[PDB]
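Have a look at the structure below before the remarks.
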Amino acid sequence: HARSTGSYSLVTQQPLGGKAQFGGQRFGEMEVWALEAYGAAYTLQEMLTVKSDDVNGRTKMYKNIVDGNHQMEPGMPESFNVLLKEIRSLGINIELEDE
Amino acid sequence: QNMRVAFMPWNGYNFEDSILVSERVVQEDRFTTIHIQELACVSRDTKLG
Amino acid sequence: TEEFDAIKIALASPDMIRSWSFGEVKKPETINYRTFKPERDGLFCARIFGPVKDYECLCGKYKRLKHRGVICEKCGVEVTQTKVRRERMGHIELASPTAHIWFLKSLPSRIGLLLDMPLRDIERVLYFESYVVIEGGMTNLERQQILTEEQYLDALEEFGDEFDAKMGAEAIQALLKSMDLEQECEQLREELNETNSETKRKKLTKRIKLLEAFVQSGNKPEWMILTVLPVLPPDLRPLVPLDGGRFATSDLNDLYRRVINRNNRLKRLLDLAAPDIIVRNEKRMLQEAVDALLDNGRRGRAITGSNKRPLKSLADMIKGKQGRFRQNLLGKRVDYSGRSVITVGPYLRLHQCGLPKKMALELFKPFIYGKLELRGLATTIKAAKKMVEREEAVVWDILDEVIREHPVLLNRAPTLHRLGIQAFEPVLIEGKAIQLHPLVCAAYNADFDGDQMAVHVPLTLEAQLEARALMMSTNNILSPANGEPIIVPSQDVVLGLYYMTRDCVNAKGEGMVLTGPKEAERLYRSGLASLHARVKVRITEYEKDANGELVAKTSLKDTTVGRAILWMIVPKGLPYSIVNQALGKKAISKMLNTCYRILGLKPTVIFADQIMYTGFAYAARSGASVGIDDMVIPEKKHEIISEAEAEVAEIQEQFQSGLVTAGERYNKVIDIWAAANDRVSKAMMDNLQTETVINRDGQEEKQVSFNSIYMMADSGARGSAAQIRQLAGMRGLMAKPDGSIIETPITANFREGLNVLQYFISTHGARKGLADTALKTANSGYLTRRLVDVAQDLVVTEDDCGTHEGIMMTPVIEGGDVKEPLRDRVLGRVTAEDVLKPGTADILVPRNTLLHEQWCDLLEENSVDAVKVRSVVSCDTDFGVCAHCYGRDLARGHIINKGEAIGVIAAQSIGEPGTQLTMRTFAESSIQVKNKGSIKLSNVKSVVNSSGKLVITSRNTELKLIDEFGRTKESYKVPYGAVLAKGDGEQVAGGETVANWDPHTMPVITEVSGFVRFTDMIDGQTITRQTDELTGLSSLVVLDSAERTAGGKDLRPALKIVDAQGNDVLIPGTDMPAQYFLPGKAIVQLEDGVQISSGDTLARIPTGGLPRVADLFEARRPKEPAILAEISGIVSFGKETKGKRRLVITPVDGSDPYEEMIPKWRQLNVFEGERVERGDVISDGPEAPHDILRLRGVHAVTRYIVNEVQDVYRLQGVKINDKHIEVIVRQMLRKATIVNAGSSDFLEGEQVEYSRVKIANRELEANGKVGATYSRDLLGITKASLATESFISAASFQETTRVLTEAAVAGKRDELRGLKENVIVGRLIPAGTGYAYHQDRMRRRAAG
Amino acid sequence: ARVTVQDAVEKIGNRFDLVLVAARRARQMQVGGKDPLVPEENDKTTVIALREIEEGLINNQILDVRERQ
DNA sequence: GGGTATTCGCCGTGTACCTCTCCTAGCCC
RNA sequence: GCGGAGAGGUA
DNA sequence: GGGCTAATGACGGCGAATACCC
Ligand SMILES: Nc1ccn([C@@H]2O[C@H](COP(=O)(O)CP(=O)(O)OP(=O)(O)O)[C@@H](O)[C@H]2O)c(=O)n1
Ligand SMILES: [Mg+2]
Ligand SMILES: [Zn+2]
Ligand SMILES: [Zn+2]
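Protein chains in written order, with the authors' numbering: chain A, 1244 to 1342; chain B, 798 to 846; chain C, 14 to 935, 946 to 1125, 1135 to 1376; chain D, 2 to 70.
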């Protein structure tokens, strides 16, 4: 089984899991640790945002690859924003600060 | 099915528990199975028609 | 996207909740289920949350993009993009103020202790069973008094006015609003200034910290009670329509509907002015509904409709494995990824992998489109898609061209260590299976028996460089855990190489002289000489003795044809000797090792590939197989078994007569059977091992056999001697469920046939092993997860801190011999200070130098015994470690590079073995000196008696062994009362018995002779005289403190040692009246009337693996901790028999008042009038790391942990470098507690980093003044992670509710500073390639 | 294929900013602002930049001087 | 009231993947 | 037709 | 078929909350 791009999930905009629907492999926390054990910061970064969860990042990267350039912008993963909204849904104010 | 096996390492194509097989096995078409998928198309009654 | 930092968390104010919300959700309906338009004001509402479809209103009045801010007059829905429906929040106005379950039920109940009222009362109020009197005016009732129904009734009737009381979460909110934070804080501080008692002082300090957190953070306490409740955006709690008119909904929809229902009904009841009872019931119901929304599971567990599983609440979504941070924020699911079965592919280079055409096309699709458009083969992108979907020849050519240098990442499901993911260059192949290079399987723990692997594609340019430079297979040949090679040949390669290099006495081409390896192959391939046949060959080896120059020496060696054939591959730099031997597993591994150390990386890679190819080839030419006759039953097996059966029959018959107990017979039978098993095993191994009695020219001779199973065993390809035994010998003893060993063993073996019983037994064994592996796997996965968590943020940040501190590294000589030598233990560590030759002013190693192989060998040439090396634990660097304190060890050889994340590598290296080893599983009477050396006694003060023995009077006595050249070979610990033979100075011959002792008996030893005088040992109260006749037999029992009878509890029987005349003989040099408190179980056999000899027996006294490692790393008090001394000086007894005997340590200089209670059962090892040192053992048992850290200090506890863990790990034969355990220990003790004052709160647990920067700030200030003085603390990895600075890190893996609540009340602010948080936020980790980035950002703040 | 980067890491011993300088160079090469200083043998631009680094023509300082020039 | 035991209750318990069925509920016209 | 339960299997 | 309304078979560890002994 293999996929380049396909349908993504509704709530956390990560690509579907599975074989029936195209579905990507799960880069789990152990795999994250593996990448961290190397000095592999950019691979982990793209793997974390551009490959799965960042909507603008994924579409911009598809267009960029098609254009024959491999640069990319990382942005913030949508799942983190879902997390923020859900914690804020409790009585807890959690804000992304700026200075 | 019962086939003629020889226990030996053959240029590491059976390196680990992997198995080497002769093209004769595929020629005699003896490990070919038939599978059968079912698919369903359902035509329901929507309120738009 | 904004450029942000510092994620802040705090209590949400009702005004903030109104701020986020765009509208009120009044009715619980969602959608009409008939027309799929959403509700007018419901859980899904367009006028509140947003338009369902992009840029078009519900009623369809406005549909054009031209309108972007208009709000349709019919439907009050604004026209925008549906994406906003993912971020817009709503709110619900609750009629009755409701409590937030998190701030109530979290283990420290913050509503509870904030009001200083126990939780039980809060429960009474919340469930509406009892009242609380809030400011009950001028009566006899306090402000937080809980009142029951009829107490409220009689109070109300008596006191009509000056009585204000209310019920429920609204009452609690009233209590919270009226609280004066600062006034209570100051009053509380005053109370602490006047009160001195332990438990109250702790609860009080907790309360003041809570209050300080509120007054600093700016949260008002009343906000813990909810008035407005926010509702999550609809798209985050979808209500998706299943195909077939039915709907699928998240449980949050159900919980919200229930909350809205109860709220609306309560609203209506209030508008109707219904009686109080019904509104109270409704308020209770609303409480359950809301708290089920917030955290379902801390109540009656509101289950769902007709399904019996408890439905998932918001808190459930965050907390837990399946929910969030773990699942969706550290565990995503990438694109451009595939999966398939792995296959051998021997022809591959070490740096490549076979990748199916079709999978490669699917993965690299967008690359294909880009390249297709550049060449003009396709006009537009859709034509490129169509051309890829037809798959024409041009597409395959483009795929070959794009794939050329593009590397892919291969991963295997349990990514245990960093070698579970490696990068390869793909080679397009037919088929649907991924082809994996054989040599790398060991790194992956990959086996070709249905294992699958996933393949990811690095997209960006930066990812490509990282994969090819840092992650590629060829760059990782040495394990990050220990320095040894990872890519060693596994089974076929080593078998082939072994077969090729082993020689035979007589063969074809015996003793012919060859001009080189090239004609050796000429001879072998032409069949004019056997692949192994002894021959003289001329060979030109190269040796780089000069400064990197190779010098050829060319001579005639006596070898086999095969060894020459192998020599053809060997790279230039290596000595011939390397290949000249049998070349098994160990030999090949060390061959690769030497090739790496001498030549470098690239030659090692190419040589490994060559080794693989030649091993595979010649294994195939060998034709090694396994027939039933290849495993030879020892001829004398049946005799051995019949003999053991006859012996067991004789011992059983001699038992039935009753001269020996059952246990003795059991032990004897088990031992004779073990001996028979060893005998048969050795006979089989002799038979099988050297059985080829082949003939030379004339007479015969014998040699190491060519039995195929034997070569597979001996070569180290597969099998060990044990499995050979299980095949051809008797398969030993078995263990029954409870662990006891069956008396009769399984005499049959797999070559023979077992029978039902024997099979059944082995079945039990196998089943137990499989269950163990599964349980162990779960436990190890947890342990390694904790490890990686605690140590994630640690990074090598600075080049050199410049500290002189360090740990004294010695070779661990456990008992008999040197379990682990110095060279590996010190290899790659920088020295703390120069070590001197055995003659002063002869510096052997300059100030801190990295100890590479050459220095270590040089130390071997000299006789250095102990080396002080800089350790990570003692490193001075703030917020990370420095390169030097760490050392070199890596997959590469050089000193650690700045930026490397050593925490994760350490945690992974310490956890992989534990899980891996479980899968792999699937007396002390006399001392015997092993090597000829001098005996030396340490920490003892003996007094020679008349018999001529060096009587041991110290409990901490050690007996080491100095060799000829001043080195401690053997070391033993000799306890009090151990019979000694040789004293000090004596040279002991090889293997001569120097000591003797009773296995199941520790004697108490008298120092002087004379008659035993009984003092305070009165008959009848505490002892019962049952004495025998003249020959001096007795059964006088002096019981210990615990076991003493109820009447003889305080009367302590004693033994004064008097001489033949009567006067108590005094210990030499001391005035102390010898008053020997008879210890536990003092069987006074030798009654009064026998001159006591020096040595009379007074009293006869008859965990490891993964749990032990986890316990050491979690620092668990082992429920019976040994006791140590705090200060030195004369110890003394105290107030006797209160239920726990008091010991007061009296310091000669320091203040006296240190008392320690001791249970009755405890026996003491030190005398009263003794000179104790700080941290000496007072009681026996396992010592808790906490005590070692507090008394002896950091290096002692770290050495203790490292040695104790390394013992467990080496017991299983898994080698791990100490640096990783050291890194974990350093991560454990990150925190300190302040004992002096001056800038902190005088007792707050604060990390040692801030304390050290506070001390630096005091030094920078013109007056140091108080400074900060602190004490180190050691915390177990779970708690240590819990007390981290970042709250996202802690929330990531622990109880999310608790840490989230703590950070919310504390108002904590996270600058992220770490790896796991940065991962979560999806930016560059501060380790490795991204370190620079963060460093740049560091310059970006506080600059221009 | 370039199977080992050992000489490039011997040029810059950190072994991490090696990746950064090689990425900057290969990104200047792909988006065709610059030209390769080594005769390419049908390699892609990543392995080209590594091949250039191992030959000593390019490092961070050469990048900085050429960019400001 | 203050310290020590003892009960009590919460939190955790390895990864990756692949098949299948079943999903708000109940009653009457 | 995103999800979640239950069952089984793979390494 | 369509419309309307509202129980029992884990276990350990740890830290807080009583039980009780002075
Ligand atoms: N329930 C399970 C069962 C297995 N695994 C993993 O799948 C592999 C099977 O090892 P294995 O023991 O089956 C073969 P190997 O380890 O190479 O030894 P041998 O060839 O000499 O027999 C191991 O890496 C396990 O970690 C797992 O994650 N969960
Ligand atoms: Mg396998
Ligand atoms: Zn409208
Ligand atoms: Zn340091």
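For every residue, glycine included, the Cβ atom is placed at its ideal position computed from N, Cα and C.
Option nearest residue i by Cα separation, candidates the options
{"i": "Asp65 (chain D)", "options": "D:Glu55, D:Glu11, D:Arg25", "result": "D:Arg25"}
{"i": "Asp802 (chain C)", "options": "C:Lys1348, C:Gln594, C:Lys334, C:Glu534", "result": "C:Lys1348"}
{"i": "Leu1138 (chain C)", "options": "C:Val1240, C:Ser1032, C:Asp1042", "result": "C:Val1240"}
{"i": "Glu1200 (chain C)", "options": "C:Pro1214, C:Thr1178, C:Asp1219", "result": "C:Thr1178"}
{"i": "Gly927 (chain C)", "options": "C:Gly1245, C:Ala688, C:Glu1293", "result": "C:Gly1245"}
{"i": "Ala1083 (chain C)", "options": "C:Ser1032, C:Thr862, C:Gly1118", "result": "C:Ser1032"}
Cβ pair residue i, residue j closer than 7 Å
{"i": "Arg1206 (chain C)", "j": "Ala1264 (chain C)", "result": "no"}
{"i": "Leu452 (chain C)", "j": "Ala600 (chain C)", "result": "no"}
{"i": "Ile355 (chain C)", "j": "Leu508 (chain C)", "result": "no"}
{"i": "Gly1308 (chain C)", "j": "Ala1142 (chain C)", "result": "no"}
{"i": "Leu299 (chain C)", "j": "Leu279 (chain C)", "result": "yes"}
{"i": "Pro1320 (chain A)", "j": "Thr1292 (chain A)", "result": "yes"}
Exposure label - residue i; buried when at least 16 CB within 10 Å
{"i": "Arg1258 (chain C)", "result": "buried"}
{"i": "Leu1089 (chain C)", "result": "exposed"}
{"i": "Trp686 (chain C)", "result": "buried"}
{"i": "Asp1181 (chain C)", "result": "exposed"}
{"i": "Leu569 (chain C)", "result": "exposed"}
{"i": "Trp1193 (chain C)", "result": "exposed"}
Closer than 7 Å to chain C by CB, residue i
{"i": "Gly1311 (chain A)", "result": "yes"}
{"i": "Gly846 (chain B)", "result": "no"}
{"i": "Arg28 (chain D)", "result": "yes"}
{"i": "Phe804 (chain B)", "result": "yes"}
{"i": "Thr1302 (chain A)", "result": "no"}
C-beta neighbour in chain D for residue i, strict 7 Å
{"i": "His865 (chain C)", "result": "no"}
Any non-hydrogen atom of ligand 3 within 6 Å of residue i CB
{"i": "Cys838 (chain B)", "result": "no"}
{"i": "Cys70 (chain C)", "result": "yes"}
Cutoff 7 Å: residue i Cβ touching any chain B Cβ
{"i": "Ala456 (chain C)", "result": "no"}
{"i": "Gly636 (chain C)", "result": "yes"}
{"i": "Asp460 (chain C)", "result": "yes"}
{"i": "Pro1125 (chain C)", "result": "no"}
Neighbour flag for residue i against chain A, beta carbons, 7 Å
{"i": "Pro251 (chain C)", "result": "yes"}
{"i": "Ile411 (chain C)", "result": "no"}
Any non-hydrogen atom of ligand 4 closer than 6 Å to residue i Cβ
{"i": "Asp889 (chain C)", "result": "yes"}
Contact test: residue i Cβ vs ligand 1 heavy atom, cutoff 6 Å
{"i": "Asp248 (chain C)", "result": "no"}
{"i": "residue 937 (chain C)", "result": "In this structure residue 937 (chain C) is absent; chain C steps straight from 935 to 946."}
{"i": "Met932 (chain C)", "result": "yes"}
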